[PDB]
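Only one structure is covered here, and it is reproduced in the block below.
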Amino acid sequence: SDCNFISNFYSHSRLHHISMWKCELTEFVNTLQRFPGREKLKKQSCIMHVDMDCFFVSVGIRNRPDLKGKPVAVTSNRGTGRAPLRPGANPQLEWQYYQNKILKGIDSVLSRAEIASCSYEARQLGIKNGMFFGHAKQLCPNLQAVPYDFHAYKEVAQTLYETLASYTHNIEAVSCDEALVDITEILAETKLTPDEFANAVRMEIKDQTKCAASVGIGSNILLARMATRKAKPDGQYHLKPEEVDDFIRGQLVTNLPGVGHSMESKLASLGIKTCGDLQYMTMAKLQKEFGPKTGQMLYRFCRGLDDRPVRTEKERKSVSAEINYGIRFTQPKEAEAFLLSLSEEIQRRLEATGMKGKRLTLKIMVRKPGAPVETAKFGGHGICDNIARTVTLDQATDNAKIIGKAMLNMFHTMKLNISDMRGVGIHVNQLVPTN
DNA sequence: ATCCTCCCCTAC
DNA sequence: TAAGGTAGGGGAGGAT
Ligand SMILES: Nc1ccn([C@H]2C[C@H](O)[C@@H](COP(=O)(O)OP(=O)(O)OP(=O)(O)O)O2)c(=O)n1
Ligand SMILES: [Mg+2]
Ligand SMILES: [Mg+2]
Ligand SMILES: [Mg+2]
Ligand SMILES: [Mg+2]
């Protein structure tokens, strides 16, 4: 049953989990705006970024001292690095497409399970988060596989924020294992050097989780995030003002928060690889080429300038639910049955968050023409494109029968081969809170 | 100029 | 096998 299929997918999805945890930690921090750790150590803006090292791995091997110091990966694959042969799939074509259009603008039995997190040992060999386990185990035959433990990560994630909250409420939740903290007040009250405090928080986090955090310190958010890169693993790095200009010039532009593979490829065609190359670009040229806001962001960031305060309050703008894995329909009756289920799921989330929406958007992934019907990854969406529809209701609703019905009307206007469908997503906008 | 609407992109 | 989600920023381009 599609009802059990949905529940079962979300049950096993790490990406669904990290998103929920982020949502929860964000709400916890918001709450704090409506300190045992400071007094227990009471015995020019300053920003600290706290980021746990190889978070799933570290938690996974907490109580497994045989795996410390080894190449380890958190993945679904039991450990062989093999999967059943998939004849008619074309891993080569999908990988080329991934390197060409996506990373820019025996193979047949290898595991295509993703590595969620890998140890630093494993990294010293090119294994990175998001690599297929089959391939990783080719780069490093001694890669150790470790199962997910979602309960344990949620517990460490919470312990992490509780700990930071014990020093200050001036926190921004970046993710489940990562927060920004403004420590200007603490340093003034305790009279401690930024480094002394950073060490203290690290010692305490390790004490309470058996997991290591790296800390980056700087006079703004951008600079604190970048210092963390240099701090990892198990360390800290204070990027002082006198070092900013020389540190920044050598950084690959891709390291700037907000520059991914698409922006990188567009900059490389401008002849720009490092932040230093970028500094030579005018504000007017960056805005013309990239738009006003992105243009300005690039100009400022490549200089180490950033004036965003720590955002302690975040308001929810949308609720959604997508599954782009294990979607295979043959009949329009099956697809419409599934749309009505995801509609009950979207009702639960709107309720759980106490919202109703006016604007409803259906997004379908469809197999791309020329792309093989048999996916390289078991259950994968493979190479696809997106069809999207949007409607707007007269009243904000949270009723699945109305949402379901809206999804069926939207789905009918699509020109679609059911057997090419590879993913479905419902997105709710223009929210209003209940009561 | 500001405001819509339909997307692409990015972070984790 | 394997579980490729989720929210928000913002550009293009068009109507107001
Ligand atoms: N491709 C990815 C990236 C991240 N996450 C999960 C696994 C990570 O353990 C956790 C935190 O991600 P980070 O980006 O902080 O990376 P790590 O903590 O694993 O390593 P690092 O030490 O580089 O921060 O989120 C995931 O499921 N899949
Ligand atoms: Mg981390
Ligand atoms: Mg996996
Ligand atoms: Mg992280
Ligand atoms: Mg970047």
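In what follows, every chain begins at residue 1, and chains take the letters A, B, ... in the order their sequences are listed.
- For A/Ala113, the side-chain atoms get nearest to C/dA3 when compared with the rest of B/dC9, C/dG4, C/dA3.
- Using a 4.0 Å cut-off, some side-chain N or O of A/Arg359 falls inside it from OP1 or OP2 of B/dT5.
- Evaluation of A/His12 against the base of C/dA3 yields a stacking contact (centre distance < 5.5 Å, interplanar angle < 30°).
- Judged by distance alone, the side chains of A/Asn4 and A/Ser7 never bring a donor and an acceptor atom under 3.5 Å apart.
- Checking A/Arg328 against A/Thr375 by side-chain atom types alone, a donor-acceptor pair falls below 3.5 Å.
- Side-chain N/O atoms of A/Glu344 and A/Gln347 include a donor and acceptor closer than 3.5 Å.
- Note on A/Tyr10: a side-chain N or O is less than 4.0 Å away from OP1 or OP2 of C/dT6.
- Taking side-chain N and O atoms only, A/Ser318 has a distance below 4.0 Å to OP1 or OP2 of C/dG8.
- At C/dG9, none of the side-chain N or O atoms of A/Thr294 fall inside 4.0 Å of OP1 or OP2 (strictly under the cut-off).
- The NZ-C1' distance, from A/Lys22 to C/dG5, rounds to 13 Å in whole Å.
- Residue contacts for A/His381: at a heavy-atom cut-off of 4.0 Å it reaches a base atom on one of the strands shown.
- One side chain, A/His49 or A/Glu178, offers a donor N or O that lies under 3.5 Å from an acceptor on the other.
- At a threshold of 4.0 angstrom between heavy atoms, the contacts of A/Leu256 are confined to the sugar-phosphate backbone, with no base atom among them.
- The nucleotide whose nearest atom lies closest to any side-chain atom of A/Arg225 is, among C/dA3, B/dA11, C/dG8, B/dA11.
- Between A/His427 and C/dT6 there is no side-chain N or O to OP1 or OP2 distance below 4.0 Å.
- In terms of position along DNA chain C, the nucleotide closest to A/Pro84 lies nearer the 5' end than the nucleotide closest to the other residue of the pair A/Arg349 and A/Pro84.
- For A/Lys293, the side-chain atoms get nearest to C/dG10 when compared with the rest of C/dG4, C/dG10, C/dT6.
- The listed nucleotides are C/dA2, C/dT6, C/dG11; the one nearest the side chain of A/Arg112 is C/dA2.
- For B/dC7, classification of the furanose by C1'-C2'-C3'-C4' yields a north pucker, on the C3'-endo side.
- Under 3.5 Å, the side chains of A/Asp53 and A/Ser214 contain a donor-acceptor pair of N or O atoms.
- Contact annotation: A/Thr390 side-chain N/O to B/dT5 OP1/OP2 distance is not under 4.0 Å.
- Atom-to-atom, CE of A/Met355 to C1' of C/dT6 comes out at 15 Å; the value is rounded to the nearest Å.
- Among the protein residues, A/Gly382 comes within range of the nucleic acid bases, having at least one heavy atom under 4.0 Å from a base atom.
- OP1 and OP2 of B/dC7 both lie 4.0 Å or more from every side-chain N or O belonging to A/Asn386.
- In this structure, A/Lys377 reaches the C/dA3 phosphate: one of its side-chain N or O atoms is under 4.0 Å from OP1 or OP2.
- Proximity note for A/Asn8 (side chain, C-beta onward) versus C/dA3, C/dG4, C/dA2: the nearest is C/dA3.
- The structure places OG1 of A/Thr254 at 4.0 Å from CD of A/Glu264, a figure rounded to the nearest 0.5 Å.
- In this structure, A/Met20 and A/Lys288 both approach DNA chain C, and ranking their closest nucleotides by distance from the 5' end singles out A/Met20.
- Within the 4.0 angstrom heavy-atom criterion, only backbone atoms of the sugar-phosphate kind lie near A/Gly258; the bases stay farther away.
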Salt bridge (charged side-chain N to carboxylate O under 4.0 Å, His left out) between A/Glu345 and A/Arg348, worked out: CA-CA 5 Å; A/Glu345 173 71 22; A/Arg348 291 180 202 106; 3.2 Å; yes

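- A/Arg14 comes within 4.0 angstrom of the backbone, heavy atoms only, and of no base.
- The phosphate of B/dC6 (OP1 or OP2) has no side-chain N or O of A/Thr361 nearer than 4.0 angstrom.
- Within the structure, every side-chain polar atom (N or O) of A/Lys363 is placed at least 4.0 Å from both OP1 and OP2 of B/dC6.
- Considering only side-chain N and O atoms, A/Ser13 lies nowhere under 4.0 angstrom from the phosphate OP1 or OP2 of C/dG5.
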